[PDB]
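S.K.: Here you go, run_25.tsv (TSV, C-alpha atoms and all ligand atoms):
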```tsv
chain	number	residue	atom	x	y	z
A	1	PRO	CA	43.85	-54.07	42.84
A	2	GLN	CA	42.13	-54.50	39.48
A	3	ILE	CA	42.63	-51.67	36.99
A	4	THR	CA	40.15	-51.20	34.13
A	5	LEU	CA	41.30	-49.54	30.90
A	6	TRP	CA	38.53	-47.06	30.09
A	7	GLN	CA	41.01	-44.38	31.18
A	8	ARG	CA	44.82	-44.36	31.09
A	9	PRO	CA	46.15	-46.58	33.93
A	10	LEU	CA	47.89	-43.86	35.94
A	11	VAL	CA	49.17	-44.52	39.46
A	12	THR	CA	51.15	-42.70	42.14
A	13	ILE	CA	54.77	-43.72	42.61
A	14	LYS	CA	57.35	-42.70	45.20
A	15	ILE	CA	60.96	-42.29	44.15
A	16	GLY	CA	63.80	-40.36	45.74
A	17	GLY	CA	61.40	-39.11	48.37
A	18	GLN	CA	59.45	-37.43	45.57
A	19	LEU	CA	55.85	-38.34	44.80
A	20	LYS	CA	54.97	-38.67	41.10
A	21	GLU	CA	52.27	-39.85	38.70
A	22	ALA	CA	53.06	-42.61	36.21
A	23	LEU	CA	51.54	-44.86	33.56
A	24	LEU	CA	51.47	-48.67	33.90
A	25	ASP	CA	52.72	-49.54	30.42
A	26	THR	CA	52.78	-53.22	29.37
A	27	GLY	CA	54.14	-52.12	26.00
A	28	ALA	CA	57.28	-50.61	27.56
A	29	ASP	CA	60.25	-52.94	28.09
A	30	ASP	CA	61.87	-50.48	30.52
A	31	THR	CA	60.95	-47.67	32.91
A	32	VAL	CA	61.63	-44.07	31.90
A	33	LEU	CA	61.00	-40.94	33.94
A	34	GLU	CA	61.05	-37.26	33.10
A	35	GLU	CA	64.34	-35.42	33.65
A	36	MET	CA	65.17	-35.59	37.36
A	37	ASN	CA	68.16	-36.06	39.64
A	38	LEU	CA	69.22	-39.49	40.87
A	39	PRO	CA	72.27	-40.71	42.84
A	40	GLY	CA	75.06	-42.87	41.49
A	41	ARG	CA	76.70	-43.09	38.10
A	42	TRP	CA	74.71	-43.48	34.90
A	43	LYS	CA	75.20	-44.88	31.38
A	44	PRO	CA	73.94	-43.26	28.13
A	45	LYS	CA	71.30	-45.22	26.24
A	46	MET	CA	68.96	-44.88	23.27
A	47	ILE	CA	65.40	-46.20	23.37
A	48	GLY	CA	62.89	-46.19	20.55
A	49	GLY	CA	59.12	-46.22	20.44
A	50	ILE	CA	56.44	-44.70	18.22
A	51	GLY	CA	58.08	-41.69	16.60
A	52	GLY	CA	61.73	-42.68	16.84
A	53	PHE	CA	64.52	-42.74	19.43
A	54	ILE	CA	65.50	-40.56	22.37
A	55	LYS	CA	68.65	-40.35	24.48
A	56	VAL	CA	68.25	-41.18	28.17
A	57	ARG	CA	70.47	-41.76	31.18
A	58	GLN	CA	70.44	-45.23	32.73
A	59	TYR	CA	70.51	-45.77	36.50
A	60	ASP	CA	70.70	-49.24	38.04
A	61	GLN	CA	69.34	-50.72	41.26
A	62	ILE	CA	66.94	-47.87	41.99
A	63	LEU	CA	64.20	-48.34	44.59
A	64	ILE	CA	60.69	-47.33	43.54
A	65	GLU	CA	57.41	-47.59	45.42
A	66	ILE	CA	54.36	-48.37	43.26
A	67	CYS	CA	51.02	-48.20	45.08
A	68	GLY	CA	52.77	-49.18	48.30
A	69	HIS	CA	54.74	-52.08	46.79
A	70	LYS	CA	58.53	-51.77	46.94
A	71	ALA	CA	60.42	-52.63	43.74
A	72	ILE	CA	64.05	-52.50	42.64
A	73	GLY	CA	65.38	-52.16	39.12
A	74	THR	CA	66.83	-50.06	36.33
A	75	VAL	CA	65.37	-46.59	35.81
A	76	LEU	CA	65.92	-44.44	32.73
A	77	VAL	CA	65.71	-40.64	32.83
A	78	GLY	CA	65.07	-38.53	29.76
A	79	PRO	CA	62.82	-36.29	27.65
A	80	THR	CA	59.85	-38.67	27.84
A	81	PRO	CA	56.36	-37.06	27.45
A	82	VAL	CA	54.94	-38.97	30.43
A	83	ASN	CA	56.36	-41.05	33.28
A	84	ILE	CA	56.31	-44.72	32.32
A	85	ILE	CA	56.53	-47.84	34.49
A	86	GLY	CA	57.69	-50.65	32.19
A	87	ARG	CA	57.77	-54.45	32.38
A	88	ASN	CA	61.08	-54.56	34.28
A	89	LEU	CA	59.26	-53.16	37.35
A	90	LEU	CA	55.70	-54.39	36.70
A	91	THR	CA	56.85	-58.01	37.10
A	92	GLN	CA	58.30	-57.20	40.54
A	93	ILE	CA	54.92	-56.11	41.92
A	94	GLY	CA	53.13	-59.15	40.49
A	95	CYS	CA	51.25	-57.25	37.81
A	96	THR	CA	49.51	-59.29	35.11
A	97	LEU	CA	47.18	-58.95	32.13
A	98	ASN	CA	43.87	-60.80	32.37
A	99	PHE	CA	41.46	-61.37	29.46
B	101	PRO	CA	43.74	-66.10	30.34
B	102	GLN	CA	46.38	-64.64	32.64
B	103	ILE	CA	49.50	-63.12	31.13
B	104	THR	CA	52.68	-62.37	33.05
B	105	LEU	CA	55.10	-59.68	31.87
B	106	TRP	CA	58.51	-61.39	32.03
B	107	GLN	CA	58.36	-61.29	28.23
B	108	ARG	CA	56.54	-58.99	25.85
B	109	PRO	CA	52.77	-59.72	25.95
B	110	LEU	CA	52.59	-60.85	22.31
B	111	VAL	CA	49.46	-62.52	20.97
B	112	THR	CA	48.18	-63.67	17.60
B	113	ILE	CA	45.43	-61.58	15.98
B	114	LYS	CA	43.34	-62.27	12.90
B	115	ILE	CA	42.46	-59.44	10.53
B	116	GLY	CA	41.53	-59.59	6.86
B	117	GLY	CA	41.73	-63.38	7.01
B	118	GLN	CA	45.41	-63.06	7.90
B	119	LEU	CA	47.29	-63.99	11.08
B	120	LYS	CA	49.60	-61.42	12.66
B	121	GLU	CA	51.50	-61.02	15.91
B	122	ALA	CA	50.65	-57.98	18.04
B	123	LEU	CA	51.48	-56.47	21.42
B	124	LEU	CA	48.87	-55.94	24.17
B	125	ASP	CA	49.78	-52.37	25.16
B	126	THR	CA	48.05	-50.62	28.10
B	127	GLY	CA	50.18	-47.55	27.41
B	128	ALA	CA	48.60	-47.08	23.97
B	129	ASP	CA	45.31	-45.20	23.75
B	130	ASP	CA	44.66	-46.57	20.26
B	131	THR	CA	45.44	-49.59	18.10
B	132	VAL	CA	48.03	-49.19	15.32
B	133	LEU	CA	49.14	-51.84	12.85
B	134	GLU	CA	52.04	-51.95	10.40
B	135	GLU	CA	51.42	-50.97	6.79
B	136	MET	CA	48.68	-53.08	5.20
B	137	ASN	CA	45.50	-52.96	3.12
B	138	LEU	CA	42.06	-52.36	4.59
B	139	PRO	CA	38.63	-51.70	2.98
B	140	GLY	CA	36.78	-48.40	2.93
B	141	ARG	CA	37.76	-44.77	3.30
B	142	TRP	CA	40.18	-43.46	5.89
B	143	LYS	CA	40.65	-40.24	7.85
B	144	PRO	CA	43.96	-38.66	8.87
B	145	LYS	CA	45.36	-38.78	12.40
B	146	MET	CA	48.56	-37.95	14.26
B	147	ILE	CA	49.66	-40.01	17.25
B	148	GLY	CA	52.47	-39.08	19.60
B	149	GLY	CA	54.72	-41.56	21.35
B	150	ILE	CA	58.13	-41.72	22.99
B	151	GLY	CA	60.12	-40.21	20.12
B	152	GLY	CA	57.61	-37.85	18.54
B	153	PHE	CA	54.62	-38.03	16.19
B	154	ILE	CA	53.77	-40.09	13.14
B	155	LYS	CA	51.04	-39.78	10.51
B	156	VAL	CA	48.64	-42.74	10.32
B	157	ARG	CA	45.51	-43.73	8.38
B	158	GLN	CA	42.32	-44.25	10.44
B	159	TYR	CA	39.78	-46.94	9.51
B	160	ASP	CA	36.54	-47.40	11.43
B	161	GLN	CA	34.46	-50.44	12.37
B	162	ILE	CA	37.13	-52.97	11.48
B	163	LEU	CA	36.64	-56.60	12.50
B	164	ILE	CA	39.64	-58.02	14.35
B	165	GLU	CA	40.01	-61.23	16.34
B	166	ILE	CA	42.37	-61.07	19.33
B	167	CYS	CA	43.20	-64.46	20.86
B	168	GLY	CA	39.84	-65.84	19.78
B	169	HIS	CA	37.92	-62.80	21.05
B	170	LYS	CA	36.14	-60.90	18.27
B	171	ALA	CA	36.23	-57.11	18.42
B	172	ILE	CA	35.00	-54.41	16.05
B	173	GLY	CA	36.42	-50.92	16.18
B	174	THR	CA	38.87	-48.26	15.07
B	175	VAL	CA	42.21	-49.43	13.69
B	176	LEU	CA	45.09	-47.16	12.69
B	177	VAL	CA	47.67	-48.01	10.01
B	178	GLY	CA	51.10	-46.40	9.66
B	179	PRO	CA	54.88	-46.61	10.24
B	180	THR	CA	54.76	-48.28	13.67
B	181	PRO	CA	57.70	-50.47	14.85
B	182	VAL	CA	55.32	-53.26	15.94
B	183	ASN	CA	51.61	-54.11	15.76
B	184	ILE	CA	49.88	-52.57	18.80
B	185	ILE	CA	46.57	-53.45	20.46
B	186	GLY	CA	45.61	-50.38	22.50
B	187	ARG	CA	43.02	-49.56	25.15
B	188	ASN	CA	40.20	-49.01	22.65
B	189	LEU	CA	40.20	-52.73	21.79
B	190	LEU	CA	41.55	-54.05	25.08
B	191	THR	CA	38.38	-52.82	26.83
B	192	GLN	CA	36.26	-54.68	24.26
B	193	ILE	CA	37.73	-58.02	25.29
B	194	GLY	CA	37.49	-57.12	28.97
B	195	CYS	CA	41.20	-56.87	29.66
B	196	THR	CA	42.35	-55.57	33.05
B	197	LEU	CA	45.65	-55.06	34.92
B	198	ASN	CA	45.98	-57.00	38.17
B	199	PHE	CA	48.36	-56.97	41.14
A	201	LIG	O1	57.17	-47.14	23.07
A	201	LIG	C1	56.93	-48.23	23.57
A	201	LIG	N1	57.87	-49.06	24.01
A	201	LIG	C2	59.34	-48.93	24.01
A	201	LIG	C3	59.88	-48.34	25.33
A	201	LIG	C4	59.26	-47.46	26.25
A	201	LIG	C5	59.96	-47.05	27.43
A	201	LIG	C6	61.28	-47.52	27.68
A	201	LIG	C7	61.92	-48.41	26.75
A	201	LIG	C8	61.20	-48.81	25.59
A	201	LIG	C9	61.65	-49.73	24.47
A	201	LIG	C10	60.28	-50.16	23.88
A	201	LIG	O2	59.69	-51.24	24.64
A	201	LIG	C11	55.48	-48.68	23.64
A	201	LIG	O3	54.92	-48.75	22.28
A	201	LIG	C12	55.03	-50.03	21.60
A	201	LIG	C13	56.43	-50.38	21.07
A	201	LIG	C14	57.03	-51.61	21.42
A	201	LIG	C15	58.33	-51.93	20.94
A	201	LIG	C16	59.03	-51.01	20.11
A	201	LIG	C17	58.43	-49.77	19.76
A	201	LIG	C18	57.13	-49.46	20.24
A	201	LIG	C19	54.59	-47.71	24.51
A	201	LIG	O4	53.59	-48.45	25.25
A	201	LIG	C20	53.81	-46.72	23.65
A	201	LIG	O5	52.70	-47.44	23.04
A	201	LIG	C21	53.22	-45.51	24.41
A	201	LIG	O6	54.26	-44.90	25.22
A	201	LIG	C22	53.81	-44.19	26.41
A	201	LIG	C23	53.15	-42.82	26.15
A	201	LIG	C24	51.80	-42.59	26.56
A	201	LIG	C25	51.19	-41.33	26.30
A	201	LIG	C26	51.91	-40.30	25.63
A	201	LIG	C27	53.26	-40.53	25.23
A	201	LIG	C28	53.87	-41.79	25.48
A	201	LIG	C29	52.70	-44.56	23.38
A	201	LIG	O7	53.50	-44.14	22.55
A	201	LIG	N2	51.41	-44.27	23.37
A	201	LIG	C30	50.67	-43.44	22.42
A	201	LIG	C31	50.00	-44.29	21.34
A	201	LIG	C32	50.43	-45.54	20.80
A	201	LIG	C33	49.65	-46.17	19.79
A	201	LIG	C34	48.45	-45.55	19.32
A	201	LIG	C35	48.02	-44.30	19.86
A	201	LIG	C36	48.81	-43.70	20.87
A	201	LIG	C37	48.57	-42.39	21.59
A	201	LIG	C38	49.47	-42.56	22.85
A	201	LIG	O8	48.77	-43.26	23.90
```
Let me see the structure of the file written as structure tokens.

M.R.:
Amino acid sequence: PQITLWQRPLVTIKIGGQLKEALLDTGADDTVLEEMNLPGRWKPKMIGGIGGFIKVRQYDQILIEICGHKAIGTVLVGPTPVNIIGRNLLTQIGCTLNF
Amino acid sequence: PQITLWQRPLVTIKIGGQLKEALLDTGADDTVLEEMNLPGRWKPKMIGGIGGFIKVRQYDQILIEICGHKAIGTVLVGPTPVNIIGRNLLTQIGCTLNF
């Protein structure tokens, strides 16, 4: 599909059987979701954006479904204000920026 | 032009006769640039990101060239980690997300 940017580019994602809303963020290197439970072991990590840094938990090889497209990659979980789908997963679904 | 996301979507922008590098960010509602000098009066604004809020200066009707495409709009200036081209200007150059 082609997403215009008059409004925030929010889409529905499926992860861990749960359905959620998330923002397609080309400015985010990684993907970070609000506090939730995921399987496997995790690694602590600090990520910084506008405003400073936050502590998140890193999970690897997590399967996410974005608008029907399956994608695999690292998923961070932490006190983020909104769910964010970063570049690490946007590339997997063939997402691009077009002027 | 089509831009993949395997790397940060960095482009060159021209503002105040100067060349700068900035990030095309669909996750940013507004455009914020690192500390610099702009003409006219400014208004105060608070923007919230991943790690909290920051205070920025708001300038209106600023001319800015993004990859050869001229745009005129609101530009914010403050302690941002990188120069950011947000949705307010991305829509002016007809930028869309595609997959
Ligand atoms: O933090 C970032 N990346 C980092 C990131 C994110 C997730 C995981 C890892 C990493 C590392 C780094 O790439 C990106 O910034 C550039 C950036 C790049 C590199 C280093 C630092 C910053 C994001 O795309 C932010 O732009 C955007 O974040 C999503 C968000 C939307 C709405 C509300 C709260 C948060 C955000 O903060 N948006 C707000 C904003 C921004 C500018 C002007 C106005 C407004 C209002 C609101 O829309």

S.K.: Write out, as a tab-separated table, each residue of chain A that has an atom at most 10 Å from chain B, together with the closest pair of atoms and their distance in Å to one decimal, counting all atoms listed in the file, rows going by chain and rising number.

M.R.:
```
residue	atom	partner	partner_atom	distance
A:1	CA	B:199	CA	5.6
A:2	CA	B:198	CA	4.8
A:3	CA	B:197	CA	5.0
A:4	CA	B:196	CA	5.0
A:5	CA	B:191	CA	6.0
A:6	CA	B:191	CA	6.6
A:7	CA	B:187	CA	8.2
A:8	CA	B:127	CA	7.2
A:9	CA	B:126	CA	7.3
A:10	CA	B:127	CA	9.6
A:23	CA	B:127	CA	6.8
A:24	CA	B:127	CA	6.7
A:25	CA	B:127	CA	4.4
A:26	CA	B:125	CA	5.2
A:27	CA	B:125	CA	4.4
A:28	CA	B:127	CA	7.7
A:29	CA	B:108	CA	7.4
A:32	CA	B:150	CA	9.9
A:47	CA	B:150	CA	8.5
A:48	CA	B:151	CA	6.6
A:49	CA	B:150	CA	5.3
A:50	CA	B:149	CA	4.8
A:51	CA	B:152	CA	4.3
A:52	CA	B:151	CA	4.4
A:53	CA	B:151	CA	5.1
A:54	CA	B:151	CA	5.8
A:55	CA	B:151	CA	9.6
A:67	CA	B:199	CA	10.0
A:69	CA	B:199	CA	9.8
A:79	CA	B:150	CA	8.6
A:80	CA	B:150	CA	6.0
A:81	CA	B:150	CA	6.7
A:82	CA	B:150	CA	8.5
A:84	CA	B:127	CA	8.3
A:85	CA	B:127	CA	9.5
A:86	CA	B:105	CA	9.4
A:87	CA	B:105	CA	5.9
A:88	CA	B:106	CA	7.6
A:89	CA	B:105	CA	9.5
A:90	CA	B:105	CA	7.2
A:91	CA	B:105	CA	5.8
A:92	CA	B:106	CA	9.5
A:93	CA	B:199	CA	6.7
A:94	CA	B:199	CA	5.3
A:95	CA	B:199	CA	4.4
A:96	CA	B:104	CA	4.9
A:97	CA	B:103	CA	4.9
A:98	CA	B:102	CA	4.6
A:99	CA	B:195	CA	4.5
```

S.K.: Choose the residue, out of B:170, B:144, B:164, B:131, that has the smallest atom-to-atom separation from ligand LIG 201 (chain A); count all atoms listed in the file.

M.R.: B:131

S.K.: What does the structure give for the distance between atom CA of residue A:68 and atom CA of residue A:14, in Å to one decimal?

M.R.: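 Separation of atom CA of residue A:68 and atom CA of residue A:14: 8.5 Å.
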
S.K.: Can you show chain B as a PDB file with C-alpha atoms, keeping the file's coordinate frame once it has been least-squares superposed onto chain A, using every C-alpha atom paired in order?

M.R.:
```pdb
ATOM      1  CA  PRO B 101      44.077 -54.366  42.825  1.00  0.00           C
ATOM      2  CA  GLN B 102      42.245 -54.635  39.515  1.00  0.00           C
ATOM      3  CA  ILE B 103      42.555 -51.820  37.005  1.00  0.00           C
ATOM      4  CA  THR B 104      40.253 -51.313  34.037  1.00  0.00           C
ATOM      5  CA  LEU B 105      41.425 -49.436  30.940  1.00  0.00           C
ATOM      6  CA  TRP B 106      38.586 -46.982  30.235  1.00  0.00           C
ATOM      7  CA  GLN B 107      41.060 -44.322  31.365  1.00  0.00           C
ATOM      8  CA  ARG B 108      44.837 -44.243  31.358  1.00  0.00           C
ATOM      9  CA  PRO B 109      46.200 -46.614  34.055  1.00  0.00           C
ATOM     10  CA  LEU B 110      47.838 -43.835  36.093  1.00  0.00           C
ATOM     11  CA  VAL B 111      49.195 -44.543  39.563  1.00  0.00           C
ATOM     12  CA  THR B 112      51.200 -42.672  42.170  1.00  0.00           C
ATOM     13  CA  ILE B 113      54.842 -43.709  42.635  1.00  0.00           C
ATOM     14  CA  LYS B 114      57.353 -42.672  45.271  1.00  0.00           C
ATOM     15  CA  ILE B 115      60.981 -42.099  44.317  1.00  0.00           C
ATOM     16  CA  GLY B 116      63.609 -39.989  46.048  1.00  0.00           C
ATOM     17  CA  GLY B 117      61.098 -39.181  48.780  1.00  0.00           C
ATOM     18  CA  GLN B 118      58.918 -37.507  46.156  1.00  0.00           C
ATOM     19  CA  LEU B 119      55.459 -38.417  44.847  1.00  0.00           C
ATOM     20  CA  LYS B 120      54.912 -38.605  41.092  1.00  0.00           C
ATOM     21  CA  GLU B 121      52.214 -39.829  38.736  1.00  0.00           C
ATOM     22  CA  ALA B 122      53.186 -42.570  36.278  1.00  0.00           C
ATOM     23  CA  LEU B 123      51.618 -44.816  33.652  1.00  0.00           C
ATOM     24  CA  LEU B 124      51.546 -48.633  33.940  1.00  0.00           C
ATOM     25  CA  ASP B 125      52.670 -49.507  30.400  1.00  0.00           C
ATOM     26  CA  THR B 126      52.791 -53.144  29.195  1.00  0.00           C
ATOM     27  CA  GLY B 127      54.037 -51.893  25.830  1.00  0.00           C
ATOM     28  CA  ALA B 128      57.227 -50.503  27.394  1.00  0.00           C
ATOM     29  CA  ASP B 129      60.147 -52.871  27.917  1.00  0.00           C
ATOM     30  CA  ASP B 130      61.779 -50.457  30.365  1.00  0.00           C
ATOM     31  CA  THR B 131      60.872 -47.744  32.857  1.00  0.00           C
ATOM     32  CA  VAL B 132      61.541 -44.111  31.880  1.00  0.00           C
ATOM     33  CA  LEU B 133      60.888 -41.033  33.991  1.00  0.00           C
ATOM     34  CA  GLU B 134      60.888 -37.335  33.128  1.00  0.00           C
ATOM     35  CA  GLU B 135      64.018 -35.302  33.801  1.00  0.00           C
ATOM     36  CA  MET B 136      65.065 -35.482  37.456  1.00  0.00           C
ATOM     37  CA  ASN B 137      67.998 -36.053  39.807  1.00  0.00           C
ATOM     38  CA  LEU B 138      69.169 -39.488  40.895  1.00  0.00           C
ATOM     39  CA  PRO B 139      72.267 -40.677  42.840  1.00  0.00           C
ATOM     40  CA  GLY B 140      75.236 -42.528  41.401  1.00  0.00           C
ATOM     41  CA  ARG B 141      76.744 -42.916  37.959  1.00  0.00           C
ATOM     42  CA  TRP B 142      74.750 -43.509  34.804  1.00  0.00           C
ATOM     43  CA  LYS B 143      75.282 -45.306  31.499  1.00  0.00           C
ATOM     44  CA  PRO B 144      73.977 -44.229  28.088  1.00  0.00           C
ATOM     45  CA  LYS B 145      71.036 -45.875  26.334  1.00  0.00           C
ATOM     46  CA  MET B 146      68.811 -45.327  23.312  1.00  0.00           C
ATOM     47  CA  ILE B 147      65.164 -46.370  23.370  1.00  0.00           C
ATOM     48  CA  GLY B 148      62.891 -46.456  20.351  1.00  0.00           C
ATOM     49  CA  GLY B 149      59.179 -45.757  20.433  1.00  0.00           C
ATOM     50  CA  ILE B 150      56.378 -44.707  18.110  1.00  0.00           C
ATOM     51  CA  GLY B 151      58.081 -41.629  16.658  1.00  0.00           C
ATOM     52  CA  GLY B 152      61.744 -42.596  16.767  1.00  0.00           C
ATOM     53  CA  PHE B 153      64.565 -42.783  19.317  1.00  0.00           C
ATOM     54  CA  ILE B 154      65.603 -40.678  22.277  1.00  0.00           C
ATOM     55  CA  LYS B 155      68.767 -40.594  24.386  1.00  0.00           C
ATOM     56  CA  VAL B 156      68.264 -41.400  28.081  1.00  0.00           C
ATOM     57  CA  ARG B 157      70.406 -41.810  31.209  1.00  0.00           C
ATOM     58  CA  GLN B 158      70.404 -45.281  32.834  1.00  0.00           C
ATOM     59  CA  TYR B 159      70.591 -45.693  36.622  1.00  0.00           C
ATOM     60  CA  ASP B 160      70.737 -49.106  38.272  1.00  0.00           C
ATOM     61  CA  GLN B 161      69.330 -50.514  41.511  1.00  0.00           C
ATOM     62  CA  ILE B 162      67.003 -47.602  42.167  1.00  0.00           C
ATOM     63  CA  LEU B 163      64.397 -47.912  44.918  1.00  0.00           C
ATOM     64  CA  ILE B 164      60.899 -47.020  43.731  1.00  0.00           C
ATOM     65  CA  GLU B 165      57.526 -47.567  45.381  1.00  0.00           C
ATOM     66  CA  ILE B 166      54.612 -48.253  43.020  1.00  0.00           C
ATOM     67  CA  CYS B 167      51.183 -48.127  44.678  1.00  0.00           C
ATOM     68  CA  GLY B 168      52.672 -49.235  47.982  1.00  0.00           C
ATOM     69  CA  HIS B 169      54.704 -52.042  46.393  1.00  0.00           C
ATOM     70  CA  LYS B 170      58.462 -51.562  46.787  1.00  0.00           C
ATOM     71  CA  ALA B 171      60.645 -52.400  43.799  1.00  0.00           C
ATOM     72  CA  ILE B 172      64.367 -52.028  43.145  1.00  0.00           C
ATOM     73  CA  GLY B 173      65.718 -51.925  39.627  1.00  0.00           C
ATOM     74  CA  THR B 174      66.813 -50.075  36.515  1.00  0.00           C
ATOM     75  CA  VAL B 175      65.288 -46.652  35.892  1.00  0.00           C
ATOM     76  CA  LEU B 176      65.862 -44.521  32.798  1.00  0.00           C
ATOM     77  CA  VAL B 177      65.710 -40.708  32.752  1.00  0.00           C
ATOM     78  CA  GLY B 178      65.208 -38.558  29.653  1.00  0.00           C
ATOM     79  CA  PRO B 179      62.845 -36.482  27.467  1.00  0.00           C
ATOM     80  CA  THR B 180      59.772 -38.720  27.800  1.00  0.00           C
ATOM     81  CA  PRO B 181      56.245 -37.217  27.431  1.00  0.00           C
ATOM     82  CA  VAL B 182      55.048 -38.981  30.608  1.00  0.00           C
ATOM     83  CA  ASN B 183      56.481 -41.084  33.445  1.00  0.00           C
ATOM     84  CA  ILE B 184      56.412 -44.751  32.369  1.00  0.00           C
ATOM     85  CA  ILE B 185      56.496 -47.933  34.456  1.00  0.00           C
ATOM     86  CA  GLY B 186      57.596 -50.686  32.065  1.00  0.00           C
ATOM     87  CA  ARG B 187      57.753 -54.477  32.149  1.00  0.00           C
ATOM     88  CA  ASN B 188      61.029 -54.596  34.089  1.00  0.00           C
ATOM     89  CA  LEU B 189      59.281 -53.194  37.180  1.00  0.00           C
ATOM     90  CA  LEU B 190      55.778 -54.448  36.441  1.00  0.00           C
ATOM     91  CA  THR B 191      57.028 -58.043  36.811  1.00  0.00           C
ATOM     92  CA  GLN B 192      58.524 -57.155  40.207  1.00  0.00           C
ATOM     93  CA  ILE B 193      55.115 -56.259  41.606  1.00  0.00           C
ATOM     94  CA  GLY B 194      53.521 -59.292  39.974  1.00  0.00           C
ATOM     95  CA  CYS B 195      51.407 -57.438  37.445  1.00  0.00           C
ATOM     96  CA  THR B 196      49.545 -59.439  34.793  1.00  0.00           C
ATOM     97  CA  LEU B 197      47.068 -58.767  31.954  1.00  0.00           C
ATOM     98  CA  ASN B 198      43.717 -60.526  32.286  1.00  0.00           C
ATOM     99  CA  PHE B 199      40.726 -61.157  30.019  1.00  0.00           C
TER     100      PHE B 199
END
```

S.K.: Counting all atoms listed in the file, figure out which residue out of B:173, B:130, B:139, B:159 gets nearest to ligand LIG 201 (chain A).

M.R.: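 For ligand LIG 201 (chain A), the nearest of the candidates is B:130.
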
S.K.: Give me the residues near residue B:172 as a list in words, where near means some atom within 6 Å (using all atoms listed in the file) and where sequence neighbours in that chain fewer than 3 positions away do not count.

M.R.: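 In the requested format, the answer is residues 161, 162 and 163 of chain B.
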
S.K.: Counting only C-alpha atoms and all ligand atoms, figure out which residue out of B:135, B:160, B:122, B:143 gets nearest to ligand LIG 201 (chain A).

M.R.: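 Of all the options, B:122 lies closest to ligand LIG 201 (chain A).
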
S.K.: Could you state the separation of atom CA of residue B:120 and atom CA of residue B:183 in Å, given to one decimal place?

M.R.: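 So the answer is 8.2 Å.
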
S.K.: In Å, how far is it from atom CA of residue B:166 to atom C23 of ligand LIG 201 (chain A)?

M.R.: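 Between atom CA of residue B:166 and atom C23 of ligand LIG 201 (chain A) the gap works out to 22.3 Å.
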
S.K.: How big is the axis-aligned box around the listed atoms of ligand LIG 201 (chain A) once 6 Å is added on each side, and where is its centre? Give both in Å to one decimal, as lines of an AutoDock Vina configuration file.

M.R.:
```
center_x = 55.0
center_y = -46.1
center_z = 23.5
size_x = 25.9
size_y = 23.6
size_z = 20.4
```
